[PDB]
Every structure is written in structure tokens, then in C-alpha cells.
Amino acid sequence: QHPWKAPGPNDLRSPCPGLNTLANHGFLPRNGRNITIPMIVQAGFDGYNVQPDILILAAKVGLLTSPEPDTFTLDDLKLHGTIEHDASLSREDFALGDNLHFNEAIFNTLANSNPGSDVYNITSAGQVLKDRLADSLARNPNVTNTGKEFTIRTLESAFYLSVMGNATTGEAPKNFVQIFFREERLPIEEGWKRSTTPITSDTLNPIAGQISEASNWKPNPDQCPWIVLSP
């Protein structure tokens, strides 16, 4: 019913492996266009068993990246400073290169994490957050690192652990996480199953909280958290 197909050149994609994977399976429109908030809620439920609370807020902020009244394209979501942030797991900082497309060299840090284990977990996820921020601080003179970016980065790490793995423990098989990022594909052939446990603020926040404590974080002085309001 929902086969994987690589996006063609008319097919718009985002910096989000979550939404890109849903589009690549037709849970969202395969062209990544004309997406409403209710379409996000239904796709997150259908693909991942993610519940509306977190999706509705993310989607309302996503709408700010679009000139349209009540839809965005996946490509709109690249707008730097709305949701898109520096120290991404698999994308370059906007200031240093391409903030939109999967990049293997950036992904290397997450790929190689939890060395010697068959899983990623909260400990490895925190170490990756720390290493990816340190890389941005070392190479990007324009890095934006406030409470807003940090909260989002901990919830994004909670999402990859939760959707590709176990939503209760935040432990995920490495091969599922690698396919999710590298191919934006549900690893069904490799044994991945949609969570039987609803994924909610109440499951994600405890995981994001533990990842937070394992990240050793401090905000940049002199930066006010902000949501860029227009493209």
C-alpha cells in the first residue's frame, strides 16, 4: 500500500528525515507539496504512531516558512532560524554549506557513535549532540545556539531513537537509524515495525531530558531565542 520511491526532481524534500521518509512512502504527498497541518497529523500517526500534540505545534511553526495561507512544501522547511538549526546530525550549517540535503561526512559522527554496540541509545545520542555542537562552534563563526535550538536538537534525537527503535527506552538498532537517515526509507525489508506504543510528548520528553543531561550544554552568551517569521 505504501512502497518506498526515491523523490524525482519535481518532488520537494525537507531537512527532516521524518517528513522525507513519510513522503517517500506516500503517507505525505510524494511531491512534498500542498501539506496542511491535518495531513502532517495523519501521516505521523499512519507511518510512526506519533500523536497529534507534538505534530500540531511543529506544523504551525512550519507554516511560517511558507507564503501560502495554510500549506507548506517540504522545501519551505529549510528556512534557517524557523525550525532549521546549526549542529544538525546529517546536514551542514547554513553558514558553511547545504542545510537541506543528507551529507555522509556530517552523518559520520552519528553513524560511528556507540562504537561496538548494535544499537544507538540515550548515552550515544547525548555524545553525538555534544560532538556536533563542538564542530559548529569550531568552524561556524555565525553559530546560533540558544535554549530553542538545544530543546529542538534533544527532541530530534529523541525522535530518531523513538521512531526507528523503542519509544519507551530510546534504544534503536543502528541499521534502522542508518537507513532512515541515508535513504529516508522505513526499513520494513530489514524487520522494522511501526511502534505498538503511541509516541507522545510524555514518551519523547523523558528521553530528550536524559539526552539533555548527557550533552553537557551551555547557551551562547548574547543570543535571544527566536523563530524567524518569514522567508
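We number the residues from 1 along the sequence you see.
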For the C-alpha atoms alone, is the average B factor greater in 196 to 204 or in 173 to 181, going by the entry?
196 to 204
Choose from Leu74, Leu110, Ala158, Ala95 the residue with the greatest Cα B-factor as stated in the PDB record.
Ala95
From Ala167, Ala59, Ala43, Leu186, residue of greatest CA B-factor:
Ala167
Mind checking which third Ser88 falls in for C-alpha B-factor across the chain?
lowest
So where's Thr154 on the chain's Cα temperature factor ranking, which third?
lowest
Here the Cα B-factor of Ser162, set against its chain, lands in the third termed lowest
Based on the deposited C-alpha B factors for this chain, I'd like to know if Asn49 is in the lowest, middle or highest third.
lowest
Among the modelled residues of its chain, the C-alpha B-factor of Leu133 falls in the third labelled middle
